[PDB]
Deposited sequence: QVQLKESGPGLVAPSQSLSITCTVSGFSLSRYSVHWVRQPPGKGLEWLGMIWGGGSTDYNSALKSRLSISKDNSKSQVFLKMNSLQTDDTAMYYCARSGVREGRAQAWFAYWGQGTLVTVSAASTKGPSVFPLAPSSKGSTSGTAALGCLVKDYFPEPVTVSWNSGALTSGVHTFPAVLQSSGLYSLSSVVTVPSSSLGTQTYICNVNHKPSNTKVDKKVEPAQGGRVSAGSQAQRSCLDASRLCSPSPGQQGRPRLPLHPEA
């Protein structure tokens, strides 16, 4: 199956460069174009550039030659390089494969990688339990606090538990660090018996934390 996956740095300091790897599978890069498109948080989409099956590139002029793209067909990797990053370059970056009928529409996308342009330091999360009340549907969760930059992900019981999960948008606190909660409602009856573990990943800091959540 056609798949693309980006790997990016999380944080870039202002004026420095961004490198993102798009690893693909399911198709040959010698035969399809791959494009880069980005989306600032909460905003719309901006096409950045493409590299043709054959190696040629074309770039959006708005990027003022700061952006280049290269690839390694043999290892199924496409690489975005953009110099001189500033605030407007904070965004989720996607690589995408275009259709063949080439059509510049984008039939397959990677999950994207968020790049935050900031002079601050990466900081991993503390993960605290939201323990289900002893006082029948019960709620429990994990509070994921004090990390930077975004994002984190949270799954429960390694993905086994998905139903009734709600992971909220993070909020940036005055300290410049983010805080997020993830909760789930479950039957009271499972609490003595069911084990509930929130699995937290913060890729910018290469940090993973599991947290067993229990009645106190």
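Colleague: Tell me, which runs of residues in the deposited sequence have no coordinates at all?
Modeller: Gaps in the modelled chain, taken against the deposited sequence, lie at 102-104, 139-142, 224-263.
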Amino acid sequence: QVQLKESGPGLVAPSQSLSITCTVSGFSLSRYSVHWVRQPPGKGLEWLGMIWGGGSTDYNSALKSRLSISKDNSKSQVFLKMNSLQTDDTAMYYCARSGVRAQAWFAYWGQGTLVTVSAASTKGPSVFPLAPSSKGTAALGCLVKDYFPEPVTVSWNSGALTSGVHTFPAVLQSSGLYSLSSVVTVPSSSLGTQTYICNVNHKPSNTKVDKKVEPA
From here on, numbers count along this sequence of modelled residues.
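Colleague: Could you check the entry and say whether 183-191 or 41-49 has the higher mean CA B-factor?
Modeller: Mean B over CA atoms: larger for 183-191.
Colleague: If you average the CA temperature factors over each stretch, which comes out higher, 68-76 or 109-117?
Modeller: Result: 68-76.
Colleague: Of the options 152, 161, 34, 172, which has the highest CA B factor as deposited?
Modeller: Of 152, 161, 34, 172, 161 has the highest C-alpha B-factor.
Colleague: Can you tell me which of 22, 13, 18, 197 has the highest Cα temperature factor in the record?
Modeller: Spelled out: the listed residue with the top C-alpha B-factor is 197.
Colleague: Considering every modelled residue of the chain and its Cα B-factor in the PDB entry, is residue 86 in the lowest, middle or highest third?
Modeller: Middle third - that is where residue 86 ends up once the chain's C-alpha B-factors are sorted.
Colleague: Taking the chain's C-alpha temperature factors as the reference, tell me which third residue 55 falls into: lowest, middle or highest.
Modeller: Tercile = highest for this residue's CA B-factor.
Colleague: Using the temperature factors of the C-alpha atoms in this entry, rank residue 95 within its chain: lowest, middle or highest third.
Modeller: Lowest third of the chain for residue 95's C-alpha B-factor.
Colleague: Quick check on the deposited entry: does the C-alpha B-factor of residue 1 sit in the lowest, middle or highest third of its chain?
Modeller: Highest third, going by the recorded CA B-factors of the chain.
Colleague: What third of the chain, by the recorded C-alpha B-factor, contains residue 156?
Modeller: As the PDB entry reports it, the C-alpha B-factor of residue 156 lands in the highest third of its chain.
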